[PDB]
4 protein chains.
Amino acid sequence: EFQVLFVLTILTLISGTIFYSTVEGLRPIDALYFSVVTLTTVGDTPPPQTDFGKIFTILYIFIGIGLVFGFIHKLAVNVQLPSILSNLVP
Amino acid sequence: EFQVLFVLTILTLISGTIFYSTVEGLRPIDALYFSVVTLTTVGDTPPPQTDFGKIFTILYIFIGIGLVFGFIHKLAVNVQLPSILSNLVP
Amino acid sequence: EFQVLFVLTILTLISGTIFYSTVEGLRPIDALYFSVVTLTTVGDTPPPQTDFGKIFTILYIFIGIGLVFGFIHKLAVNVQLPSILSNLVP
Amino acid sequence: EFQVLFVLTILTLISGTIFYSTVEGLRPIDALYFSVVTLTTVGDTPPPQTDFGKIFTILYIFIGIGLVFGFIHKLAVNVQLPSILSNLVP
Ligand SMILES: [K+]
Ligand SMILES: [K+]
Ligand SMILES: [K+]
Ligand SMILES: [K+]
Ligand SMILES: [K+]
């Protein structure tokens, strides 16, 4: 489960990185950062400048938000929770 | 279900597109983009400049956030999930 | 239920409106807008300029996010849902 | 439960405060503010300027969002809810 959501999230972020670096002309790291803060809904960066970028982002949000949060919901409930929960047992 | 949330989301976005292009003077694509990143709570664009825009946005958020995320919750759990889940079966 | 969350949300927003208009010197409408986009996590406006504003905002987020989304979760599931659901019945 | 999520959230925010003040050169209060609005997904501030800051933020979001919202979900359902719910009983 976690591993699958892990791969699915990675692929989604790779696509975004490739897209924004190419179409919005961002350095790969900045393209990855934008992809991440967009799908996690933080949105702390300026928006895309091109219409292609705006259209892709709209679709990217609708298709990727569900996945990204599904992964986060498991990364903290099925991986981070035990490490602390079990450790909370003397 | 999915089709209904599909239509409801579309109509909500159409209203926002019409509103922001008219009142905030945005090009349709930019009006749609603002509507989308606002309802999905990304919020990566500058805020509305007019008081009418601010008031509408406040109401738009409260009335549209629930719907938009309801659609996303189905688009990934009742449409994207199987495609990958079933395919995860050798 | 809905009415209680309605009042609780209103009071929370009134406090924010009073706070930001006074401490950050915002016009009431802008103070309300900031309060709304902050608690709904849209965050499309610049951040507070004063330390008092930053501290209050941190506490305001932790105490108000839960309430605001609780209200939204009811406004769309216990009020907007039927209007369309029942109407979806020929 | 609440106390544990309380401590876990505090530690997470302390790490962010130390990180951003050091690497992004922010005053402690601003470092804390950025950490808070990032993990709660408000994202109303400009993004990190350094690559180290961008990389850390990406990891910080994925590891901290789950925890922070877990704490919020309890702070309003297991602490703020009763205070008003029980009080809603004549
Ligand atoms: K946001
Ligand atoms: K959310
Ligand atoms: K958000
Ligand atoms: K934002
Ligand atoms: K901004």
Side-chain angles (χ1 to χ4, degrees), chain A residues 9 13 16 29-47 61 64-65 68-69 71-73 75-76 80, chain B residues 37-38 40-45, chain C residues 34 37-49 51 53-66 68-69, chain D residues 5 8-73 75:
Chain A
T9 295
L13 296 178
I29 182 58
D30 289 330
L32 173 62
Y33 186 86
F34 183 81
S35 297
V36 171
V37 300
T38 294
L39 296 190
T40 55
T41 76
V42 173
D44 60 356
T45 73
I61 288 171
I65 181 283
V68 172
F69 275 92
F71 167 74
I72 294 178
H73 181 54
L75 170 61
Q80 186 57 295
Chain B
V37 300
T38 294
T40 55
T41 76
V42 173
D44 60 356
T45 73
Chain C
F34 183 81
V37 300
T38 294
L39 296 190
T40 55
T41 76
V42 173
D44 60 356
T45 73
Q49 316 189 78
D51 287 358
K54 294 162 183 174
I55 297 172
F56 172 88
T57 302
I58 290 169
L59 299 173
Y60 192 57
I61 288 171
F62 277 105
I63 299 178
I65 181 283
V68 172
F69 275 92
Chain D
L5 293 177
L8 287 171
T9 295
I10 292 297
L11 294 180
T12 295
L13 296 178
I14 289 179
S15 183
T17 298
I18 294 173
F19 178 84
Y20 297 112
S21 63
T22 299
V23 177
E24 289 291 321
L26 302 181
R27 298 166 57 232
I29 182 58
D30 289 330
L32 173 62
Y33 186 86
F34 183 81
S35 297
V36 171
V37 300
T38 294
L39 296 190
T40 55
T41 76
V42 173
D44 60 356
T45 73
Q49 316 189 78
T50 70
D51 287 358
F52 192 1
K54 294 162 183 174
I55 297 172
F56 172 88
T57 302
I58 290 169
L59 299 173
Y60 192 57
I61 288 171
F62 277 105
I63 299 178
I65 181 283
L67 168 59
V68 172
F69 275 92
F71 167 74
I72 294 178
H73 181 54
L75 170 61

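All heavy atoms count here, side chains included; hydrogens, waters and symmetry mates do not. A note on names: the letters A, B, ... follow the listed sequences, proteins ahead of strands, and every chain is numbered from 1.
- Taken to the nearest 0.5 Å, the OH atom of D/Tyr20 stands 3.0 Å off from the OG1 atom of D/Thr57.
- Taken from CZ in D/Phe52 to OG1 in D/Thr22, the straight-line distance is 9.5 Å, to the nearest 0.5 Å.
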Step-by-step side chain to side chain contact (heavy atoms under 4.5 Å, CB included) determination, C/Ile58 to C/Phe62: CA-CA 7 Å; C/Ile58 290 169; C/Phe62 277 105; 4.3 Å; yes
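- Across all non-hydrogen atoms, the minimal contact from D/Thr50 to D/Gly53 is OG1-N, 2.9 Å.
- Annotation for D/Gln49 and D/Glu24: closest pair N-OE1, 2.8 Å, computed over non-hydrogen atoms.
- No side-chain donor from either of D/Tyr33 and C/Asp51 sits under 3.5 Å from a side-chain acceptor of the other.
- A/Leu39 contributes atom CG, which lies 6.5 Å from atom CG of A/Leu13 (distance to the nearest 0.5 angstrom).
- The nearest pair of heavy atoms linking A/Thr38 to B/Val42 is O-CG2, 3.6 Å.
- Ring geometry, D/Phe56 versus D/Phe19: the interplanar angle falls under 30°, so the pair is classed parallel (tilted spans 30 to 60°).
- Annotation for A/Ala76 and D/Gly66: closest pair CB-CA, 4.0 Å, computed over non-hydrogen atoms.
- Looking at every heavy atom in both residues, C/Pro48 comes nearest to D/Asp44 through CD-OD2, 4.3 Å.
- To the nearest 0.5 Å, atom CZ of residue A/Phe69 and atom CZ of residue D/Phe69 are 7.0 Å apart.
- Rounding to the nearest 0.5 Å places CG of D/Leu75 at 9.5 Å from CD1 of C/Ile65.
- In this structure, D/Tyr60 OH and D/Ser15 OG are separated by 6.0 Å, a value rounded to the nearest 0.5 Å.
- Minimum heavy-atom separation, A/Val68 to A/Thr9: CA-OG1, 4.4 Å.
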